[PDB]
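Tertiary structure, described
Here's the letter readout for the chains.
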Amino acid sequence: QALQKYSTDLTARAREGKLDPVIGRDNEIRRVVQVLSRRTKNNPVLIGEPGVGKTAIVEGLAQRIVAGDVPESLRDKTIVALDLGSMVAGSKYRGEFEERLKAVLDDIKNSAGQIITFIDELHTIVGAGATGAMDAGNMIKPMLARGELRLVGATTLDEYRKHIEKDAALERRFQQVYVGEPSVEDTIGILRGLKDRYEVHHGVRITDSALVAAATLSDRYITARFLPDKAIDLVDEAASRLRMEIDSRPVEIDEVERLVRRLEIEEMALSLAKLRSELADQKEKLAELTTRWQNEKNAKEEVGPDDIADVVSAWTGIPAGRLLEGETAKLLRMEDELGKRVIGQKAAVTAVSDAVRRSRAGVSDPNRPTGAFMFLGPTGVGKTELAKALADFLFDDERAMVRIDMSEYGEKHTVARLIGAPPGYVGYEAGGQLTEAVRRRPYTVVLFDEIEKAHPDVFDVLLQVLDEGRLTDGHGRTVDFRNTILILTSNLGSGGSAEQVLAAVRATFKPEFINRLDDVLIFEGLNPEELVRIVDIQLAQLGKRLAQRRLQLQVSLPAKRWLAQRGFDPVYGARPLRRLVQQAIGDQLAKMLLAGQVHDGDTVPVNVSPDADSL
Amino acid sequence: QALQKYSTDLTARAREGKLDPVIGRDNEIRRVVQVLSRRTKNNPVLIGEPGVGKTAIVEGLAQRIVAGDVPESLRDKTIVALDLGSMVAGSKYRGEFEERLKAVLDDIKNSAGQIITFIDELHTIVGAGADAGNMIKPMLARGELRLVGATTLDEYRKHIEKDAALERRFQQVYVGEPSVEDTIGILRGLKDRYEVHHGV
Amino acid sequence: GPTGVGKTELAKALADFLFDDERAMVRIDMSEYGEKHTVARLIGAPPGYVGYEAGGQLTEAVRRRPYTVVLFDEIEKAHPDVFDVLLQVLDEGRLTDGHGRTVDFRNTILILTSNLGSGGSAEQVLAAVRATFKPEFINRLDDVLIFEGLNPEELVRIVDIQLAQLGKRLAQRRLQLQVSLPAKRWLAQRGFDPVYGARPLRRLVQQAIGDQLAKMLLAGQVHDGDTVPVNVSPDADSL
Amino acid sequence: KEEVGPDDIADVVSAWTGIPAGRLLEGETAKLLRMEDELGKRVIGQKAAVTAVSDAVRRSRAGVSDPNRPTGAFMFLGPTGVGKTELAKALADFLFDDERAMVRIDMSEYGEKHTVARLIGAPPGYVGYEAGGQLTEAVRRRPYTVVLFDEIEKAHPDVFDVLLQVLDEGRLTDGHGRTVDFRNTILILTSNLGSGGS
Amino acid sequence: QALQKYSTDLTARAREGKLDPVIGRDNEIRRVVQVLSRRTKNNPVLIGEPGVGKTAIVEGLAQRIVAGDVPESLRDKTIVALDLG
Ligand SMILES: Nc1ncnc2c1ncn2[C@@H]1O[C@H](COP(=O)(O)OP(=O)(O)OP(O)(O)=S)[C@@H](O)[C@H]1O
Ligand SMILES: Nc1ncnc2c1ncn2[C@@H]1O[C@H](COP(=O)(O)OP(=O)(O)OP(O)(O)=S)[C@@H](O)[C@H]1O
Ligand SMILES: Nc1ncnc2c1ncn2[C@@H]1O[C@H](COP(=O)(O)OP(=O)(O)OP(O)(O)=S)[C@@H](O)[C@H]1O
Ligand SMILES: Nc1ncnc2c1ncn2[C@@H]1O[C@H](COP(=O)(O)OP(=O)(O)OP(O)(O)=S)[C@@H](O)[C@H]1O
Ligand SMILES: Nc1ncnc2c1ncn2[C@@H]1O[C@H](COP(=O)(O)OP(=O)(O)OP(O)(O)=S)[C@@H](O)[C@H]1O
Ligand SMILES: Nc1ncnc2c1ncn2[C@@H]1O[C@H](COP(=O)(O)OP(=O)(O)O)[C@@H](O)[C@H]1O
């Protein structure tokens, strides 16, 4: 009678239909029924990596027992789920748990071959009762050998060689049933049967296109779990996305209302102007949308394959939408928009814009990095400027990329600072400097500065990165560089030719490494015309830096071409101009400013006095 | 008489205004809520680098619950702040942590759905074993206790992620650092209490 | 043999009808075992050290299911000390771990790729093996194979599968594309290099078609249901 | 002014963490102009090599300089016994009132190629790992020091590849992966090339 | 009031006259009072060599309280010495 008090039941809960319908997996149910009817030692252990369905199999067996596809031996058995957790409730005396478990075993034995026990997560049955001296968990050990209790269990694969293989007298008493995960085509069949329980809990409608999308779209992106269920959660979270909008009123409008309320708060607290404008603008927008809303009303209720993509975009934030109206105007105005920071070198900006546009269009290959290439030329041209320029509109940031340098790697053994240390050695919890920093938010751009100065041993670690985008650290976690962007910089062949530098690449490298790369983009020198448009940007940039004390400048054309005509080196590139500006302006304004008389406010002109320039 | 001698109540703590008036973070609230109201496996974890406001998100959620702005199936959910650091208090025995935890789980699942939980620093959900901290694993993958947590990022890849049967139960709301101008908006939001406590 | 030939596409193809998967093999990589102490990540630590209840990365992946084909990629770049670990794998069938539980490689398939020589016909590329591998490691192996280059007759048909594969990538958008025979015989003319194999052709396919298809696909005016043709405007591949 | 102001915030962020920034409140600016002729009271000689050093400190504390560069990277050379180290130590005297804030590291130690790792550390799995590096742990505390690279000719051409990325970025990494930032330090590296020519 | 038979008190004893001379060290008290009146962080720890008189610092703080020199926003506090054995 203690089974009423210590155990649950899974057959009474099966006659009420309060379990989920179990679809597929005929072979494992047949294997469990095959094992669970032999003469002695009839008790299986379901083993598999977590997620594959091991609790689903036992509930499907309960469904079959109530249904009647069972053999004639297993008729009317009434699976009872024990608890080795809730049976050590109050047992601080030296004999209570022992007789309690003995009373449960005599209650099972006192019923003539009916009860199928079910102990879930049986790796915690070994050290159940600690008597200071092993005397608990080896009370069922003489009983399983004759096979009087049937004992269905389900333990994780890597929880099995930690507790049971440690204590291997018991491991022979159990038969093992391995469970592997299905493929995509069976997940498509599973998801169409669970589209009967999420329509009731959430009163919505679900398109089959969402199922055939999410069964495949989460086979590339969320590469951290296993898949009978990693496609279920996207469906349920998209249903909640829809239910949040079927209730009282939509979303953006909510976004804008909260935002303008915030800016209102801030502004009134300050009473900054500024925000005053951005308020008004945001009030225009929120007005327009509102009207549009009404209009529409005057004139959807189901989920589709776009909401699945938006949910996957909202988590492991790789953008994966249809590219609907948000960035297509920026994706077309992208080559010339990137030309507000890089002057000239059109053939490289085109080859970067191409590799971004074909990635977001969804034309490229699911197992290769989205773009991994190496541009090189002379010094002071803008090869680090371009890599910091395209990390500015993917993110609206400047520092989310992972910039490492290979000028530290002048020796053979330093490779281990980016791959972790093997087990048994000092830094083992720390992992790798690289691999522990890309597994979080896998969309950042990666640079490898100065590939020349590295010793020829780090070249053979990137050799598997560029083609099959996996990498393995010290633990064993396969990180994926599937949809990052890899950029190599160099300095080979500063003034030779367009083919003397191309014969210089092949000397230091091998054919196995040049073949992995995309187009090796040669950078040219500069032009005296194209230098002029550099100078303006310099005189914009410092022109913002003095805005904090609200000084600015009124610079005329003769000074602005005087800066261009001097400091023109075809060798050193556009780097001496950033010294010439602060020699001509910075020391003069430093002497004049901090002795008073250049008060915040009045902007001072500059003009040339025949050699130099003065205020 | 079980969950009133161990765990406090943030909702009763917000009936007067004894919190901090959070400003901003729209996507984090609008992600935490529409994970907290699904059917199965419905417990988020606020993973963030330390010192970014992972507690102020939950307090803002509490104020949004009390002021009546949340969606329909969250009417007055009365979120509770458990603390497992005070439940391993009196125990030099066998089986004393088990009953003390079981009374709390039974008083949560014994009522209806109004015991949305909150454990801060759930990296210490693993310890105090001896097999313990393991009555909760069948409970989490059935959607009963809603268990909103928040841990630092370095502890999470040191304790929990080794034990992937656990971290298959939690979702991951990620919280990143703000920019400069939005921090200025935060600071102009909090120009209320610092001028009252210090009278300048 | 040389590069860009098919020495990994072969080993990912006999794991495709024995299993009907492509992830069901143990693809570990010996491009990272540059030093003498990277042996320990696949055999475990001796008992008493930090990671002891973790097992090997090799021993605790065959002991689960002892049937999967296993590769070893770029056997040059490993230090000449992992070869002596791989030695008793062959010709005995077992190794041990920290716990001493032996695992059995009786019925796997070990496949060893390489990039040796790159320019000997058959004599010199087999004369470069003997300087690097000892006479007790060549002796353990089966047929040491040599891969030939690529005839220009072969490189035609490759293009077929390439375009066929691209067709099965464009089924979600329901966009079908019609390739003419002049555009199909044009790619083998432009993309033949007897040094780099057939990998530079798979940049030529995405520079010919992909550069302008990615622009036409997201600017509007091309939608599902189209049979987009490619035909040789006298140099490029105009749509 | 009886309430708080943005000059008390300067004192809070200045006394704590040890960076003398602000807006040049009065008391040091009169000393800041009397600095070239002040430096000519230990460094005698060198009329035209003091003003370039003056036009780094007065250019940097005046708030007109790039936020991502060190505030000085100049190098100087010539004959021996002219007082290079003496000028560097007088410069360290002027803005610390001390002598041990300067971080002198040798360059006559580095003839061998493997001896570079004193100023980086060791990768994870090697002998000195919990310690770190000389030149990194020296600057993780006291982040306002002047650093000295005495006689950088004797260093064979692979040490030059390390401090190549100290310059132009203002960052450095070590064994743990913690980027230390040299954004507000003086870098002075003395040489001995030439010695007789023009 | 029920723990004072199980704990101690150096506020009611601070008006007895059992307190030591507070000669010297009248800047660290200002540092501790500056730490103590904040919104966060208001739990200082005195870090130094043992056997110097950190206990005497806290006794001098209590002796300053019982006559009154800290501001009125920390007026009439009660300080409890804890029984660490
Ligand atoms: N073959 C299947 N048929 C029906 N439902 C399934 C199937 N596989 C998985 N599911 C459902 O998908 C989810 C998978 O979660 P579970 O299988 O219960 O987790 P589990 O199998 O217990 O693994 P762990 O390690 O115990 S968390 C549940 O909601 C199942 O009902
Ligand atoms: N075309 C250009 N457009 C804008 N800024 C430029 C251009 N060319 C040079 N510059 C500037 O000059 C510097 C060159 O940028 P970098 O790319 O960092 O130098 P580099 O080309 O990387 O050469 P190294 O060898 O890496 S120092 C930066 O400060 C740029 O702002
Ligand atoms: N958006 C915000 N609104 C109001 N206060 C905020 C906001 N963001 C941060 N804070 C304040 O910043 C501090 C951070 O508090 P916590 O959230 O507890 O810190 P944390 O992010 O949890 O990191 P730890 O683990 O607590 S050190 C508190 O004083 C908050 O009031
Ligand atoms: N003979 C071939 N038949 C079919 N596909 C081929 C052939 N040769 C090359 N390929 C394709 O070329 C691409 C790369 O070939 P891989 O075999 O991966 O390179 P590899 O032969 O392994 O040489 P390495 O040394 O590993 S770089 C894949 O898309 C292959 O399908
Ligand atoms: N311009 C000067 N004014 C005052 N004293 C000087 C001057 N130049 C040199 N001295 C003195 O001469 C000594 C050598 O000067 P330093 O500049 O320290 O030599 P140094 O820099 O070590 O030269 P090298 O090339 O590195 S061996 C110092 O101890 C100074 O006191
Ligand atoms: N300002 C002071 N006035 C009186 N006694 C002091 C003073 N400073 C230190 N002492 C002496 O030091 C002792 C207290 O030291 P304490 O702070 O307890 O050091 P610790 O905590 O390391 O034991 C007292 O017995 C006292 O005689």
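Residues numbered from 1 in each chain as written, not as in the entry; some residues may be left out. Chains lettered and ligands numbered in written order. Part of a larger assembly, values for the part shown. Heavy atoms only, no water. Residues with missing side-chain atoms left out of burial classes, pairs and counts.

Method of determination for the deposited model, per the PDB record: cryo-EM, at 3.90 Å resolution.

1. Considerations on the overall build of chain C
Summing up its helical and strand segments, chain C has 8 helices and 7 strands in all. Along the three orthogonal principal directions, the C-alpha set of chain C runs to about 70 × 45 × 30 Å. Within chain C, residue pairs in contact and separated by at least 24 positions form 72% of the contacts whose partners lie at least 6 positions apart. (Helix = DSSP H or I, 4+ residues; strand = E, 2+ residues; numbered from the N terminus. Contact = heavy atoms within 4.5 Å.)

2. Here's the deal with the pattern of salt bridges
The tally for this structure, following the rule as stated, stands at 60 salt bridges over all chains. Of the charged contacts in the structure, one is a salt bridge between A:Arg100 and A:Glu96, with a shortest N-O distance of 2.5 Å. Here A:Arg100 pairs with A:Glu96, and both are found in helix α5 (residues 96-109), just 4 residues apart, close to one helical turn. Under the relative-accessibility criterion, A:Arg100 is labelled buried at 11%. Across the salt bridge formed by A:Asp233 and B:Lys41, the nearest N and O atoms sit 2.8 Å from each other. Of this pair, A:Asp233 sits in helix α11 (residues 232-246) while B:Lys41 sits in the loop between α2 (26-36) and β2 (46-48), placing the two residues on different chains. Just as A:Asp233 is buried, B:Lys41 falls in that class too. (Salt bridge = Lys/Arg side-chain N within 4 Å of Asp/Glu carboxyl O. Buried < 20%, exposed > 50% of the residue type's maximum accessible area, 1.4 Å probe, protein only.)

3. Considerations on the interface of chain A and chain B
Contacts between the two partners involve 49 residues from chain A and, on the opposite side, 39 residues from chain B. Of all elements in the fold, only α9 (198-201), α11 and α12 (252-270) of chain A reach the threshold of two or more residues within the side of chain A that touches chain B. It is α12(A) that contributes the most residues to the side of chain A that touches chain B, 7 residues altogether.

4. Overview of the site of ligand 4
The full set of residues close to ligand 4 is A:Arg516, C:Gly4, C:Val5, C:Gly6, C:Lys7, C:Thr8, C:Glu9, C:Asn115, C:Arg199 and C:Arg202. More than one chain reaches ligand 4: the nearby residues come from chains A and C. One of the backbone nitrogen or oxygen atoms of C:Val5 is found 2.9 Å away from a nitrogen atom of ligand 4. Alone, ligand 4 offers 630 Å² of accessible surface; in the complex the protein occludes 80% of this. (Near = heavy atom within 4 Å. Polar contact = N/O pair within 3.5 Å; in protein donor to acceptor, adjacent residues only side chain to side chain. Areas by Shrake-Rupley, 256 points an atom, 1.4 Å probe, with all protein chains shown as cover.)

5. Side note on the environment of A:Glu398
Residue and element names in this part refer to chain A. Take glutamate 398: it is sitting in the loop between α17 (383-389) and β8 (402-405). We classify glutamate 398 as partly exposed; its relative accessible area is 45%. Counting along the chain gives 151 residues from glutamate 398 to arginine 549, while the straight-line C-alpha distance between them is 24 Å. Here the side chain of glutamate 398 touches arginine 399 through a polar contact of 3.4 Å, side chain to side chain.

6. Examining the sheet that holds strand β2 (residues 103-106) of chain D
Sheet strands pair via backbone hydrogen bonds, and the direction of the pair is either parallel or antiparallel. Residues and elements named next belong to chain D. Strand order in the open sheet formed by 4 strands is β1-β6-β3-β2, with parallel pairing between adjacent strands. Every other strand in the sheet has two partners, leaving β1 (75-76) and β2 as the edge strands with one partner each. Bridging between β2 and strand β3 (residues 146-150) involves 4 bridges; their strand directions are parallel. Opposite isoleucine 105, over in β3, you have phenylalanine 149 as the bridge partner. Running over the sheet, helix α5 (residues 84-94) touches β1, β2, β3 and β6 (186-190) and is turned about 170° from β3. (Pairing = 2+ DSSP bridges. Axes fitted to C-alpha atoms, helices over the stretch in contact; angles between N-to-C directions.)

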